[PDB]
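Chemist: What follows is coords22.txt, made up of compact mmCIF, C-alpha atoms (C1' of nucleotides) and all ligand atoms:
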```txt
# COMPACT_ATOMS: atom_id res chain seq x y z
CA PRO N 1 0.00 0.00 0.00
CA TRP N 2 2.73 2.54 0.83
CA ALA N 3 4.71 1.81 -2.36
CA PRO N 4 3.00 4.24 -4.76
CA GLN N 5 3.51 7.37 -2.62
CA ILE N 6 7.12 6.29 -2.06
CA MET N 7 7.77 5.91 -5.79
CA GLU N 8 6.33 9.38 -6.35
CA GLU N 9 8.56 10.90 -3.68
CA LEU N 10 11.74 9.22 -4.96
CA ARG N 11 10.98 10.49 -8.47
CA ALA N 12 10.48 13.95 -6.97
CA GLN N 13 14.02 13.62 -5.62
CA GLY N 14 15.12 12.21 -8.97
CA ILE N 15 15.84 8.57 -8.09
CA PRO N 16 14.92 5.81 -10.61
CA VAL N 17 12.30 3.39 -9.22
CA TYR N 18 10.91 -0.01 -10.24
CA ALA N 19 8.12 -1.87 -8.44
CA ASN N 20 6.18 -4.91 -9.64
CA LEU N 21 2.54 -4.05 -8.97
CA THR N 22 -0.50 -6.31 -8.69
CA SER N 23 -3.15 -3.58 -8.48
CA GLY N 24 -4.32 -0.15 -9.64
CA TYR N 25 -4.59 -0.84 -13.36
CA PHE N 26 -8.21 0.29 -13.71
CA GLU N 27 -7.52 3.49 -11.78
CA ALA N 28 -5.21 4.68 -14.54
CA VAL N 29 -7.11 7.37 -16.43
CA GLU N 30 -5.79 6.10 -19.77
CA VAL N 31 -7.14 2.65 -18.99
CA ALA N 32 -10.47 4.06 -17.83
CA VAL N 33 -10.84 6.05 -21.06
CA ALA N 34 -9.65 3.35 -23.46
CA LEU N 35 -12.07 0.99 -21.73
CA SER N 36 -14.81 3.60 -22.07
CA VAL N 37 -14.20 3.64 -25.82
CA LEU N 38 -14.57 -0.15 -25.88
CA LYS N 39 -17.81 -0.02 -23.90
CA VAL N 40 -19.21 2.72 -26.14
CA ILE N 41 -18.44 0.61 -29.21
CA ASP N 42 -20.28 -2.22 -27.43
CA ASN N 43 -23.36 -0.21 -26.45
CA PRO N 44 -23.41 3.59 -26.93
CA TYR N 45 -26.39 3.90 -24.57
CA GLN N 46 -24.18 4.19 -21.51
CA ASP N 47 -24.18 7.86 -20.52
CA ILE N 48 -21.05 7.84 -18.35
CA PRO N 49 -18.69 5.91 -20.63
CA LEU N 50 -19.87 8.12 -23.51
CA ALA N 51 -19.39 11.38 -21.61
CA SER N 52 -16.01 10.03 -20.54
CA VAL N 53 -14.87 9.48 -24.14
CA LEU N 54 -16.26 12.87 -25.16
CA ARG N 55 -14.40 14.84 -22.47
CA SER N 56 -11.27 12.76 -23.08
CA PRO N 57 -8.49 14.06 -25.40
CA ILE N 58 -9.87 11.56 -27.95
CA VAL N 59 -12.71 13.96 -28.72
CA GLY N 60 -11.83 16.95 -26.56
CA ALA N 61 -15.29 18.36 -25.89
CA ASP N 62 -15.21 20.92 -23.07
CA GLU N 63 -17.79 21.45 -20.35
CA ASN N 64 -19.71 24.02 -22.39
CA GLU N 65 -19.68 21.75 -25.43
CA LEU N 66 -20.91 18.86 -23.27
CA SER N 67 -23.77 20.85 -21.76
CA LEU N 68 -24.47 22.04 -25.30
CA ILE N 69 -24.97 18.41 -26.34
CA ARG N 70 -27.38 17.85 -23.45
CA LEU N 71 -29.40 20.90 -24.46
CA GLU N 72 -30.53 19.35 -27.75
CA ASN N 73 -32.33 16.62 -25.80
CA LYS N 74 -32.71 16.56 -22.01
CA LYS N 75 -34.91 13.53 -21.33
CA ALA N 76 -33.16 11.19 -23.78
CA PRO N 77 -29.97 9.14 -23.33
CA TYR N 78 -26.79 11.20 -23.85
CA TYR N 79 -26.08 9.23 -27.03
CA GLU N 80 -29.42 10.33 -28.47
CA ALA N 81 -28.63 13.95 -27.59
CA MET N 82 -25.31 13.58 -29.40
CA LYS N 83 -27.16 12.19 -32.43
CA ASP N 84 -29.60 15.10 -32.34
CA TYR N 85 -26.90 17.77 -32.11
CA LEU N 86 -25.34 16.11 -35.14
CA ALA N 87 -28.71 16.33 -36.88
CA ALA N 88 -29.42 19.99 -36.15
CA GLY N 89 -25.87 21.33 -36.11
CA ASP N 90 -24.10 23.02 -39.01
CA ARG N 91 -20.76 22.02 -40.55
CA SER N 92 -19.32 25.44 -39.69
CA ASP N 93 -19.14 24.77 -35.94
CA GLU N 94 -16.15 23.16 -34.23
CA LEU N 95 -18.23 21.05 -31.85
CA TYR N 96 -20.09 19.53 -34.81
CA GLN N 97 -16.75 18.58 -36.35
CA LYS N 98 -15.52 16.93 -33.15
CA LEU D 1 -38.41 24.47 8.04
CA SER D 2 -40.29 22.80 10.89
CA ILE D 3 -39.58 25.69 13.26
CA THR D 4 -39.96 28.61 10.83
CA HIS D 5 -43.38 27.39 9.68
CA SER D 6 -44.43 25.96 13.06
CA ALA D 7 -46.66 28.92 13.96
CA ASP D 8 -48.32 29.01 10.55
CA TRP D 9 -48.40 25.27 9.82
CA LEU D 10 -50.19 23.88 12.89
CA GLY D 11 -50.81 26.75 15.30
CA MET D 12 -48.04 28.20 17.46
CA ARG D 13 -44.34 29.05 17.29
CA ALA D 14 -42.05 26.26 18.50
CA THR D 15 -38.50 25.72 19.75
CA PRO D 16 -35.86 23.33 18.30
CA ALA D 17 -35.86 20.23 20.51
CA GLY D 18 -33.33 18.23 18.50
CA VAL D 19 -32.39 16.25 15.41
CA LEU D 20 -32.35 12.47 15.78
CA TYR D 21 -31.21 9.51 13.69
CA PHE D 22 -32.88 6.11 14.04
CA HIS D 23 -30.79 3.13 12.94
CA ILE D 24 -33.04 0.62 11.16
CA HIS D 25 -31.58 -2.86 11.61
CA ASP D 26 -31.81 -6.25 13.31
CA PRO D 27 -28.82 -6.19 15.68
CA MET D 28 -26.81 -9.10 17.06
CA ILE D 29 -25.79 -8.97 20.72
CA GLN D 30 -22.16 -9.76 21.52
CA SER D 31 -22.11 -10.61 25.23
CA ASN D 32 -19.43 -12.31 27.29
CA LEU D 33 -21.78 -12.53 30.28
CA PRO D 34 -24.69 -15.00 30.31
CA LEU D 35 -27.92 -13.06 29.85
CA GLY D 36 -31.47 -13.88 30.87
CA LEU D 37 -34.19 -13.18 28.31
CA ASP D 38 -35.08 -9.82 29.85
CA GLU D 39 -31.43 -8.78 29.84
CA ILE D 40 -31.05 -9.76 26.18
CA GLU D 41 -34.18 -7.82 25.26
CA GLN D 42 -32.70 -4.85 27.12
CA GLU D 43 -29.40 -5.05 25.23
CA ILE D 44 -31.23 -5.29 21.90
CA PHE D 45 -33.20 -2.24 23.01
CA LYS D 46 -30.00 -0.38 23.88
CA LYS D 47 -28.74 -0.98 20.33
CA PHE D 48 -31.40 1.43 19.12
CA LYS D 49 -30.22 4.45 21.12
CA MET D 50 -30.61 7.43 18.80
CA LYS D 51 -27.62 9.57 17.83
CA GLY D 52 -27.94 13.20 16.77
CA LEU D 53 -28.10 16.60 18.45
CA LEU D 54 -30.22 17.93 21.33
CA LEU D 55 -31.07 21.11 23.23
CA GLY D 56 -29.60 20.99 26.73
CA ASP D 57 -32.56 21.08 29.09
CA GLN D 58 -33.76 18.94 31.97
CA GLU D 59 -37.17 19.32 30.34
CA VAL D 60 -36.06 18.35 26.82
CA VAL D 61 -34.20 15.16 27.75
CA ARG D 62 -36.86 14.11 30.28
CA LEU D 63 -39.50 14.63 27.60
CA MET D 64 -37.57 12.45 25.14
CA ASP D 65 -36.97 9.78 27.78
CA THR D 66 -39.61 9.71 30.53
CA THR D 67 -38.04 6.60 32.05
CA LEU D 68 -34.75 8.38 32.78
CA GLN D 69 -34.53 9.42 36.43
CA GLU D 70 -30.77 9.29 36.92
CA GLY D 71 -27.81 8.12 34.86
CA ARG D 72 -27.57 7.40 31.14
CA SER D 73 -30.47 6.99 28.70
CA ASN D 74 -31.09 4.04 26.39
CA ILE D 75 -33.16 6.03 23.89
CA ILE D 76 -31.39 9.37 23.51
CA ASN D 77 -27.66 10.08 23.70
CA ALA D 78 -27.99 12.15 26.88
CA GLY D 79 -28.14 11.66 30.64
CA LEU D 80 -29.13 13.09 34.00
CA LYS D 81 -26.79 13.05 36.97
CA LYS D 82 -27.69 12.67 40.65
CA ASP D 83 -27.50 16.45 40.92
CA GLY D 84 -30.06 16.58 38.13
CA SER D 85 -28.11 18.65 35.62
CA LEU D 86 -27.47 17.37 32.09
CA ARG D 87 -24.21 15.42 32.11
CA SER D 88 -21.34 16.60 29.91
CA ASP D 89 -21.08 13.53 27.68
CA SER D 90 -24.55 14.31 26.31
CA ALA D 91 -24.91 15.27 22.65
CA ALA D 92 -26.73 18.50 23.49
CA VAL D 93 -26.07 22.15 22.68
CA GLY D 94 -27.51 25.56 23.51
CA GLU D 95 -30.53 27.07 21.78
CA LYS D 96 -28.09 29.69 20.52
CA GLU D 97 -25.85 26.95 19.10
CA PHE D 98 -28.81 25.48 17.23
CA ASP D 99 -29.52 28.94 15.81
CA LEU D 100 -25.90 29.25 14.72
CA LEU D 101 -25.88 25.95 12.81
CA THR D 102 -29.32 26.59 11.33
CA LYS D 103 -28.31 30.02 10.06
CA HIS D 104 -25.10 28.48 8.71
CA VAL D 105 -26.95 25.93 6.56
CA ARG D 106 -28.81 28.69 4.75
CA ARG D 107 -25.49 30.45 4.26
CA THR D 108 -24.22 27.32 2.49
CA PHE D 109 -27.37 26.98 0.39
CA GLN D 110 -27.21 30.60 -0.76
CA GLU D 111 -23.53 30.44 -1.73
CA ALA D 112 -23.81 27.00 -3.34
CA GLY D 113 -26.79 27.99 -5.46
CA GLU D 114 -24.99 31.17 -6.48
CA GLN D 115 -21.90 29.24 -7.58
CA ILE D 116 -24.15 26.74 -9.35
CA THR D 117 -25.79 29.51 -11.41
CA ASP D 118 -22.42 31.20 -11.96
CA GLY D 119 -21.46 28.12 -13.97
CA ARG D 120 -18.98 26.58 -11.54
CA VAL D 121 -18.31 22.96 -12.45
CA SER D 122 -14.72 22.58 -11.19
CA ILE D 123 -13.22 19.24 -10.14
CA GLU D 124 -12.66 19.78 -6.41
CA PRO D 125 -12.79 16.49 -4.45
CA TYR D 126 -12.46 16.87 -0.69
CA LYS D 127 -10.35 14.71 1.62
CA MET D 128 -11.41 14.44 5.27
CA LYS D 129 -10.27 11.63 7.58
CA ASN D 130 -8.93 9.74 4.55
CA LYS D 131 -12.50 9.77 3.22
CA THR D 132 -13.16 11.08 -0.29
CA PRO D 133 -16.35 11.43 -2.41
CA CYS D 134 -14.56 9.77 -5.33
CA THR D 135 -15.01 6.20 -4.10
CA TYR D 136 -18.80 6.59 -3.95
CA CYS D 137 -18.97 8.50 -7.25
CA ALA D 138 -19.80 7.06 -10.68
CA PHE D 139 -18.23 9.87 -12.71
CA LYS D 140 -14.58 9.06 -11.98
CA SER D 141 -14.01 8.23 -15.64
CA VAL D 142 -15.64 11.47 -16.79
CA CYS D 143 -13.63 13.80 -14.56
CA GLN D 144 -10.43 11.86 -15.25
CA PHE D 145 -9.04 13.26 -12.00
CA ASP D 146 -5.27 12.82 -11.85
CA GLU D 147 -3.47 13.80 -8.64
CA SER D 148 -0.02 13.38 -10.22
CA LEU D 149 -1.10 15.78 -12.96
CA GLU D 150 -0.69 19.30 -11.60
CA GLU D 151 -3.56 21.65 -10.65
CA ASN D 152 -5.53 18.51 -9.77
CA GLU D 153 -5.59 18.20 -5.99
CA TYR D 154 -7.86 17.08 -3.17
CA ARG D 155 -9.41 19.71 -0.90
CA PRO D 156 -8.01 18.91 2.55
CA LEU D 157 -10.88 19.08 5.04
CA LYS D 158 -9.92 18.99 8.70
CA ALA D 159 -11.51 16.58 11.18
CA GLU D 160 -12.03 19.49 13.53
CA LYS D 161 -13.54 19.08 16.98
CA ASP D 162 -17.22 20.03 17.29
CA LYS D 163 -16.37 22.81 19.73
CA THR D 164 -14.04 24.43 17.19
CA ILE D 165 -16.62 24.15 14.39
CA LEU D 166 -18.99 26.12 16.62
CA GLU D 167 -16.31 28.77 17.25
CA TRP D 168 -15.80 29.19 13.50
CA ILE D 169 -19.56 29.45 13.01
CA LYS D 170 -19.58 32.22 15.62
CA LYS D 171 -16.85 34.12 13.77
CA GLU D 172 -18.57 33.73 10.41
CA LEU Y 1 -25.79 -24.22 -5.36
CA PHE Y 2 -27.24 -21.57 -3.05
CA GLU Y 3 -30.33 -21.23 -5.24
CA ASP Y 4 -30.83 -25.00 -5.10
CA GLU Y 5 -30.52 -25.06 -1.31
CA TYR Y 6 -32.98 -22.18 -0.90
CA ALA Y 7 -35.31 -23.95 -3.33
CA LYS Y 8 -35.11 -27.15 -1.29
CA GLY Y 9 -35.75 -25.06 1.81
CA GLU Y 10 -34.35 -27.52 4.35
CA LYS Y 11 -34.49 -26.31 7.96
CA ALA Y 12 -30.81 -27.14 8.51
CA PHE Y 13 -29.81 -24.86 5.63
CA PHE Y 14 -31.75 -21.93 7.08
CA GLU Y 15 -30.26 -22.66 10.50
CA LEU Y 16 -26.84 -22.20 8.91
CA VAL Y 17 -27.66 -19.11 6.84
CA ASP Y 18 -29.22 -17.31 9.81
CA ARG Y 19 -26.04 -17.74 11.82
CA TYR Y 20 -23.36 -16.71 9.29
CA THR Y 21 -25.04 -13.97 7.28
CA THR Y 22 -26.07 -10.39 8.06
CA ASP Y 23 -29.64 -9.12 8.49
CA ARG Y 24 -30.27 -8.17 4.84
CA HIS Y 25 -28.10 -10.38 2.57
CA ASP Y 26 -26.25 -13.72 2.46
CA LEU Y 27 -22.91 -12.76 0.89
CA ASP Y 28 -20.91 -13.57 4.03
CA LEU Y 29 -21.96 -17.23 3.79
CA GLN Y 30 -20.75 -17.23 0.19
CA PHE Y 31 -17.34 -15.99 1.34
CA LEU Y 32 -17.38 -18.51 4.18
CA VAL Y 33 -17.91 -21.47 1.85
CA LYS Y 34 -15.18 -20.23 -0.51
CA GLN Y 35 -12.73 -19.75 2.35
CA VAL Y 36 -13.40 -23.16 3.93
CA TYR Y 37 -13.13 -25.02 0.62
CA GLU Y 38 -9.88 -23.22 -0.20
CA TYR Y 39 -8.39 -24.04 3.20
CA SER Y 40 -9.42 -27.68 2.85
CA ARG Y 41 -7.53 -27.88 -0.45
CA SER Y 42 -4.22 -27.54 1.38
CA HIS Y 43 -4.60 -31.08 2.72
CA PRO Y 44 -3.93 -34.25 0.68
CA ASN Y 45 -7.47 -35.39 1.54
CA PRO Y 46 -9.70 -32.25 1.63
CA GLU Y 47 -13.00 -34.10 2.14
CA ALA Y 48 -11.63 -36.17 5.01
CA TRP Y 49 -10.27 -33.04 6.69
CA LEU Y 50 -13.68 -31.44 6.24
CA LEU W 1 -32.39 -15.05 20.78
CA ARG W 2 -30.10 -12.55 18.97
CA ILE W 3 -27.11 -13.55 21.13
CA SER W 4 -23.59 -14.66 20.24
CA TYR W 5 -20.34 -15.30 22.11
CA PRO W 6 -17.05 -17.11 21.46
CA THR W 7 -16.88 -20.83 22.13
CA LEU W 8 -13.76 -22.19 23.84
CA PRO W 9 -12.14 -23.66 20.71
CA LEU W 10 -12.58 -20.28 19.00
CA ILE W 11 -10.64 -18.48 21.73
CA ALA W 12 -8.01 -21.22 21.69
CA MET W 13 -7.67 -20.94 17.91
CA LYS W 14 -7.51 -17.16 18.26
CA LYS W 15 -4.65 -17.29 20.77
CA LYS W 16 -2.87 -20.01 18.81
CA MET W 17 -3.27 -18.05 15.57
CA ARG W 18 -1.83 -14.88 17.11
CA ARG W 19 1.22 -16.87 18.18
CA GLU W 20 1.75 -18.46 14.77
CA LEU W 21 1.22 -15.13 13.01
CA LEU W 22 3.70 -13.29 15.25
CA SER W 23 6.29 -16.01 14.78
CA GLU W 24 5.97 -15.69 11.00
CA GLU W 25 6.20 -11.90 11.01
CA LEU W 26 9.48 -12.46 12.83
CA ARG W 27 10.69 -14.79 10.09
CA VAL W 28 9.66 -12.15 7.56
CA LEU W 29 11.84 -9.63 9.39
CA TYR W 30 14.70 -12.13 9.45
CA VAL W 31 14.52 -12.66 5.69
CA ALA W 32 14.38 -8.89 5.17
CA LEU W 33 17.47 -8.17 7.26
CA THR W 34 19.47 -11.14 5.95
CA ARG W 35 18.94 -9.92 2.38
CA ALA W 36 21.52 -7.15 2.72
CA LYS W 37 25.22 -7.52 1.92
CA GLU W 38 26.89 -4.34 3.15
CA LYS W 39 24.28 -1.80 4.26
CA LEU W 40 21.05 -1.95 6.24
CA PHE W 41 18.59 0.87 6.81
CA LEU W 42 15.64 0.65 9.18
CA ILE W 43 13.01 3.36 8.89
CA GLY W 44 9.96 3.36 11.14
CA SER W 45 7.58 6.05 12.34
CA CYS W 46 6.02 6.88 15.69
CA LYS W 47 3.72 9.33 17.47
CA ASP W 48 6.09 10.29 20.28
CA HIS W 49 9.79 9.50 20.68
CA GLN W 50 10.01 9.80 24.47
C1' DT I 1 -13.22 -4.50 15.63
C1' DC I 2 -10.26 -3.91 19.94
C1' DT I 3 -7.83 -0.46 22.48
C1' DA I 4 -7.97 4.07 24.91
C1' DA I 5 -9.99 8.16 26.73
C1' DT I 6 -13.71 10.41 29.32
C1' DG I 7 -17.32 10.87 33.09
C1' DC I 8 -19.36 10.10 37.29
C1' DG I 9 -20.21 8.31 41.77
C1' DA I 10 -19.39 4.83 45.80
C1' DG I 11 -16.49 3.21 49.21
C1' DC I 12 -12.09 4.43 51.65
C1' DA I 13 -8.32 6.70 53.92
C1' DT I 14 -12.92 16.19 52.49
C1' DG I 15 -10.07 14.53 48.96
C1' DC I 16 -8.57 9.54 45.90
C1' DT I 17 -9.03 5.33 43.77
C1' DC I 18 -11.51 2.28 41.51
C1' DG I 19 -15.39 0.32 39.08
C1' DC I 20 -17.98 0.52 35.30
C1' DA I 21 -19.93 2.10 31.29
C1' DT I 22 -19.56 3.78 27.35
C1' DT I 23 -18.11 5.78 23.16
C1' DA I 24 -15.02 7.00 20.04
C1' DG I 25 -11.26 6.52 17.51
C1' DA I 26 -8.27 4.91 13.97
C1' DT I 27 -6.21 1.87 12.00
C1' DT I 28 -5.67 -1.69 8.09
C1' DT I 29 -1.55 -8.17 3.44
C1' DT I 30 1.77 -11.13 2.18
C1' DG I 31 1.45 -14.90 -3.24
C1' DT I 32 3.64 -18.52 -7.96
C1' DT I 33 1.84 -20.96 -13.35
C1' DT I 34 2.20 -23.73 -20.44
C1' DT I 35 1.94 -25.80 -24.67
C1' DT I 36 -0.74 -27.39 -27.93
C1' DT I 37 4.36 -31.17 -34.34
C1' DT I 38 2.83 -33.60 -38.38
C1' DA I 39 4.42 -31.19 -46.11
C1' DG I 40 1.00 -23.55 -49.85
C1' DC I 41 -3.23 -23.37 -54.70
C1' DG I 42 -5.04 -25.70 -58.81
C1' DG I 43 -5.34 -24.77 -64.25
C1' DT I 44 -11.11 -26.57 -66.44
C1' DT I 45 -16.66 -24.45 -63.65
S1 LIG Z 201 -14.94 11.25 -9.01
FE1 LIG Z 201 -14.34 12.86 -10.36
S2 LIG Z 201 -16.25 13.89 -10.02
FE2 LIG Z 201 -16.85 12.27 -8.67
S3 LIG Z 201 -15.98 13.35 -6.97
FE3 LIG Z 201 -14.07 12.32 -7.30
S4 LIG Z 201 -13.47 13.93 -8.66
FE4 LIG Z 201 -15.37 14.96 -8.32
```
Could the structure of this file be written out as structure tokens, please?
Modeler:
Amino acid sequence: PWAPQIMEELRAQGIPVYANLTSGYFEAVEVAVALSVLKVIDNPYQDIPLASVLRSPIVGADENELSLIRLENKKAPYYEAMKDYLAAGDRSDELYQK
Amino acid sequence: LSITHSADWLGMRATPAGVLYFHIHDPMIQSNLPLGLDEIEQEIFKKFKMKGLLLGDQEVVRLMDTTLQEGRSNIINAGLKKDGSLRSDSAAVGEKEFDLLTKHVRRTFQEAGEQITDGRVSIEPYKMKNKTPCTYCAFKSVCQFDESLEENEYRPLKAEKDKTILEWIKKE
Amino acid sequence: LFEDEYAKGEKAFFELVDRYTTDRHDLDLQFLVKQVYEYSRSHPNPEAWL
Amino acid sequence: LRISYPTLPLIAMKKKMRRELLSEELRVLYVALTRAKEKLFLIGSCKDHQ
DNA sequence: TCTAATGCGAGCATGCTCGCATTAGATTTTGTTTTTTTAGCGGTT
């Protein structure tokens, strides 16, 4: 349990560290996001994995752009709202292109 | 709400007696001493002693536990000594203290709502007694919170003693 | 297995469940079985040790 | 009845287990210290030195 | 979930220990293990 914080501190001091770990893989943000992509490909009607992929550097939608997506359709699944924004939006906008 | 509308809602203006939690469960008794049936029943009963906050009065506690004559209560987290005064280990505070907390809540509501309308959506997880919201939160993959990554830090919240909290309320 | 035992509804089974589970679910009994089986597997004759 | 309390063999097994566990933690320490060739550092933390 | 601190009163030698009760705190895992053999298509429908 103490190993991670230690590794961080030693790197702060500049020392090279190597520890064989058996946990914490799914806490990595990269893993969480890449997984989220996989889930979304499996079934897009999962609001949180979708939103996760959207806000990720993969798409790069910001908070305003996200809330903008919601605005097109409030009651529906987030995926549907995304579909609708694509339907009503114009090619000129950046968010539409993302 | 119950106090502010008390006069209008049912008839007359009232005074904050206390806020109580009731633990709904079917407890198991862990006894090293052999217990008769009545003693078991009593221990089971004791397991349902309500936690929360009270107003320090002989009248208030006695009203909440009419069995209590002297000593500790098995219903409310308060007691009466031989002298008769409320004993210090009781979870009771002054009417003024109640008023302080109650005013404070509305302070929080006002500010929070204001920040909500202002468009504040910042990732600011707190950390108090090693406890964080993040574990109980489904949006960990949306926020993509990364402590290592700079400008992404927990809000240290102190496990301050109740007495202090009240002092700070007084100041504010 | 647990579904089959509940289905059968033998009094002995309920006498066990009541003792080693909490007041709202039976997960602790699940863990208990797992743990006991696992421990028994460290003997040459697990059944006999059981 | 809603009552529970340790049986004798439970307390025995508890005491026995504490012994065994402690003994092994000692062996763990022994392995740890015997690993070194030339230098050995021991870092531990405490509330109050005195 | 067990150890430690806090509170109060009864018996003892007006001030002190001790009993008891109770709550509240904080404090917290270790681990390893494989290979599966063995001889490309198919012209023409
Ligand atoms: S998970 Fe992301 S969002 Fe939910 S609390 Fe922790 S930080 Fe804020």
Chemist: Write out, as a Markdown table, each residue of chain D that has an atom at most 12 Å from ligand LIG 201 (chain Z), together with the closest pair of atoms and their distance in Å to one decimal, counting only C-alpha atoms and all ligand atoms, rows going by chain and rising number.
Modeler:
```
| residue | atom | partner | partner_atom | distance |
| --- | --- | --- | --- | --- |
| D:121 | CA | Z:LIG201 | FE4 | 9.5 |
| D:122 | CA | Z:LIG201 | FE4 | 8.2 |
| D:123 | CA | Z:LIG201 | FE4 | 5.1 |
| D:124 | CA | Z:LIG201 | FE4 | 5.9 |
| D:125 | CA | Z:LIG201 | FE4 | 4.9 |
| D:126 | CA | Z:LIG201 | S3 | 8.0 |
| D:127 | CA | Z:LIG201 | FE3 | 10.0 |
| D:131 | CA | Z:LIG201 | FE3 | 10.9 |
| D:132 | CA | Z:LIG201 | FE3 | 7.2 |
| D:133 | CA | Z:LIG201 | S3 | 5.0 |
| D:134 | CA | Z:LIG201 | FE3 | 3.3 |
| D:135 | CA | Z:LIG201 | FE3 | 7.0 |
| D:136 | CA | Z:LIG201 | FE2 | 7.6 |
| D:137 | CA | Z:LIG201 | FE2 | 4.6 |
| D:138 | CA | Z:LIG201 | FE2 | 6.3 |
| D:139 | CA | Z:LIG201 | FE2 | 4.9 |
| D:140 | CA | Z:LIG201 | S1 | 3.7 |
| D:141 | CA | Z:LIG201 | FE1 | 7.0 |
| D:142 | CA | Z:LIG201 | FE1 | 6.7 |
| D:143 | CA | Z:LIG201 | FE1 | 4.4 |
| D:144 | CA | Z:LIG201 | FE1 | 6.3 |
| D:145 | CA | Z:LIG201 | FE1 | 5.6 |
| D:146 | CA | Z:LIG201 | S4 | 8.9 |
| D:147 | CA | Z:LIG201 | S4 | 10.0 |
| D:152 | CA | Z:LIG201 | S4 | 9.2 |
| D:153 | CA | Z:LIG201 | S4 | 9.4 |
| D:154 | CA | Z:LIG201 | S4 | 8.5 |
| D:155 | CA | Z:LIG201 | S4 | 10.5 |
```
Chemist: Between D:15, D:46, D:117, D:93, single out the one closest to chain I, counting all atoms listed in the file.
Modeler: D:46
Chemist: So, with all atoms listed in the file as the atoms that count, which of I:21, I:29, I:36, I:42 lies closest to chain W?
Modeler: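 With all atoms listed in the file as the atom set, the closest residue is I:29.
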Chemist: Could you list, as a ChimeraX atom specification, every residue of chain W that has an atom within 12 Å of an atom of chain I, counting all atoms listed in the file?
Modeler: /W:21,24-25,28
Chemist: Which distance in Å separates CA of residue 26 in chain D and CA of residue 50 in chain D, to one decimal?
Modeler: 14.8 Å
Chemist: I'd like the contact shell of residue 37 in chain Y - 12 Å cut-off, all atoms listed in the file, skipping same-chain residues fewer than 5 positions apart - returned as a list in words.
Modeler: residues 30, 31, 32, 42, 43, 45, 46, 47, 49 and 50 of chain Y
Chemist: Go ahead and dump the residues you just picked, C-alpha atoms, as a PDB file, in the frame of the given file.
Modeler:
```
ATOM      1  CA  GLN Y  30     -20.750 -17.230   0.190  1.00  0.00           C
ATOM      2  CA  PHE Y  31     -17.340 -15.990   1.340  1.00  0.00           C
ATOM      3  CA  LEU Y  32     -17.380 -18.510   4.180  1.00  0.00           C
ATOM      4  CA  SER Y  42      -4.220 -27.540   1.380  1.00  0.00           C
ATOM      5  CA  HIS Y  43      -4.600 -31.080   2.720  1.00  0.00           C
ATOM      6  CA  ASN Y  45      -7.470 -35.390   1.540  1.00  0.00           C
ATOM      7  CA  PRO Y  46      -9.700 -32.250   1.630  1.00  0.00           C
ATOM      8  CA  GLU Y  47     -13.000 -34.100   2.140  1.00  0.00           C
ATOM      9  CA  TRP Y  49     -10.270 -33.040   6.690  1.00  0.00           C
ATOM     10  CA  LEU Y  50     -13.680 -31.440   6.240  1.00  0.00           C
TER      11      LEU Y  50
END
```
Chemist: For a quick test of understanding: name the residues of chain Y lying within 12 Å of chain W when counting all atoms listed in the file, and present them as a count of residues only.
Modeler: 5
Chemist: Kindly provide the residues of chain W that approach chain D to within 12 Å, each paired with its closest atom pair and their distance in Å to one decimal, based on only C-alpha atoms, listed by chain and increasing number, as JSON lines.
Modeler:
```
{"residue": "W:1", "atom": "CA", "partner": "D:40", "partner_atom": "CA", "distance": 7.7}
{"residue": "W:2", "atom": "CA", "partner": "D:28", "partner_atom": "CA", "distance": 5.1}
{"residue": "W:3", "atom": "CA", "partner": "D:29", "partner_atom": "CA", "distance": 4.8}
{"residue": "W:4", "atom": "CA", "partner": "D:30", "partner_atom": "CA", "distance": 5.3}
{"residue": "W:5", "atom": "CA", "partner": "D:30", "partner_atom": "CA", "distance": 5.9}
{"residue": "W:6", "atom": "CA", "partner": "D:32", "partner_atom": "CA", "distance": 7.9}
{"residue": "W:7", "atom": "CA", "partner": "D:32", "partner_atom": "CA", "distance": 10.3}
{"residue": "W:8", "atom": "CA", "partner": "D:32", "partner_atom": "CA", "distance": 11.9}
```
Chemist: Distance limit 9 Å, atoms considered: only C-alpha atoms. Which chain N residues sit that close to chain D? Return them as a VMD selection string.
Modeler: chain N and resid 8 27 to 30 32 to 33 36 48 to 56 63
Chemist: Please, what distance in Å, to one decimal, runs between CA of residue 6 in chain Y and CA of residue 26 in chain Y?
Modeler: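 These atoms are spaced 11.3 Å apart.
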Chemist: Please measure the separation of CA of residue 39 in chain D and CA of residue 80 in chain D, giving the value in Å to one decimal.
Modeler: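 If I compute the distance from CA of residue 39 in chain D to CA of residue 80 in chain D, I get 22.4 Å.
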Chemist: Regenerate range 133-137 of chain D at the level of N, CA and C atoms and dump it as an mmCIF file, keeping the file's coordinate frame.
Modeler:
```
data_model
loop_
_atom_site.group_PDB
_atom_site.id
_atom_site.type_symbol
_atom_site.label_atom_id
_atom_site.label_comp_id
_atom_site.auth_asym_id
_atom_site.auth_seq_id
_atom_site.Cartn_x
_atom_site.Cartn_y
_atom_site.Cartn_z
ATOM 1 N N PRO D 133 -15.120 11.685 -1.640
ATOM 2 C CA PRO D 133 -16.350 11.430 -2.410
ATOM 3 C C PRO D 133 -16.112 10.437 -3.541
ATOM 4 N N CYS D 134 -14.896 10.459 -4.081
ATOM 5 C CA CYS D 134 -14.560 9.770 -5.330
ATOM 6 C C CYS D 134 -14.911 8.286 -5.338
ATOM 7 N N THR D 135 -14.717 7.622 -4.204
ATOM 8 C CA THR D 135 -15.010 6.200 -4.100
ATOM 9 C C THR D 135 -16.489 5.907 -4.339
ATOM 10 N N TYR D 136 -17.354 6.789 -3.847
ATOM 11 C CA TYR D 136 -18.800 6.590 -3.950
ATOM 12 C C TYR D 136 -19.394 7.282 -5.180
ATOM 13 N N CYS D 137 -18.536 7.703 -6.106
ATOM 14 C CA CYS D 137 -18.970 8.500 -7.250
ATOM 15 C C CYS D 137 -18.776 7.767 -8.582
#
```
